[PDB]
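Just one chain is shown here, as structure tokens, and it is the form deposited in one PDB entry.
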């Protein structure tokens, strides 16, 4: 039996240190979850699991899906969990949920993600047994993660950014093209804001006293202003092109959806948007992580009996413009194809709040697939440490 997605939602996405800084990852999750149930009218006891992608957990919220369910006020009956496959964790939660559903184990579950990058921890592995002989190192969680993902044999001191630079180098990607992609990202996000489509996606968030519905970071952005910015690794390398302007930031948000059967959705009065056709996962070289989408997509299209040409709409994460352009090069893109890809924006304009990112992409794909009455959508992303995840979704009718 099929697995279908209903009411995929998100909060607004805040900047690191910005709008949502007073809010925990849990507060955002709850807000997204309350909104999901509130829009749906679903009885709390209908939810059989809450599965949440969450990339920077600590003991403030163990097994974060369960904490988020309780905090949202669902009954003690409702189980929950946390998953991490990096930048792909949101999609992963979704995939797990569909698997749990299709099997016939569960009829309805929640799949989501939450990240508060603003409030990620600083930690020490030196204070337990003492620093009397070694000193004390305290690591920023965001910063350390950037270099450790590849493990011991594939270190990257320059982190995520260094991977993109490698890509720009390997594909001869001009700075201009990169800045250009970014503009589109902003124009599209902004266009979406004012065309009213975004309200469909968003649960507004109350901050102790006002309520927020608009994503903080999308902006007036021109190729000319972007040309001005100084790349991060210019001193390390003089041919750098990656800047804050052409790359996604660090952000706060949550994403929620319902994963259910068509039969169950009909009973609960729900309106399913897509069903999951297939998915694929891949490993790639960690220093080349930005390319993980290509092998993963290939696997997914094959499982689907599908071709990329067959595909109506694409959500490809814009971790770095350079990274995205490289996948698009491999996909042999034509100026039209940029029509069907990232239509409402992406990481660069929106933000990249890592756990919630897969959800955001889904909310946009599925809903947009509806608005267009289009058949197939692709969701795919690169993963820090050398991974890729992709999923194929089909509109319901």
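Numbering follows the first chain given and starts at 1. Only residues modelled in both forms are compared. For clarity, a rigid core is taken as the largest C-alpha set superposing within 1.5 Å between two forms.
A second form of this protein, the form solved in complex with a small molecule, is not displayed here; the remarks below concern that form.
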item: Contact of residue 205 with the small molecule in the deposited bound form (heavy atom, 4.5 Å); value: no
item: The small molecule contact at residue 141 in the deposited bound form, heavy atom, 4.5 Å; value: no
item: Proximity of residue 116 to the small molecule in the deposited bound form, heavy atoms at 4.5 Å; value: no
item: The small molecule contact at residue 197 in the deposited bound form, heavy atom, 4.5 Å; value: no
item: Heavy atom within 4.5 Å of the small molecule in the deposited bound form - the one residue of 102, 275, 188, 146 that qualifies; value: 146
item: In the deposited bound form, the residue from 127, 225, 302, 214 that sits within 4.5 Å of the small molecule by heavy atoms; value: 225
item: Which of 72-80, 104-112, 259-267, 228-236 sits within 4.5 Å of the small molecule in the deposited bound form, heavy atom basis; value: 228-236
item: Of the candidates 305, 131, 283, 104, the only Cα that travels 2 Å or more between the shown form and the other one, given a rigid-core fit; value: 131
item: Superposed on the rigid core, segments between the shown form and the other one of at least 3 residues with Cα shifts of 2 Å or more; value: 130-135
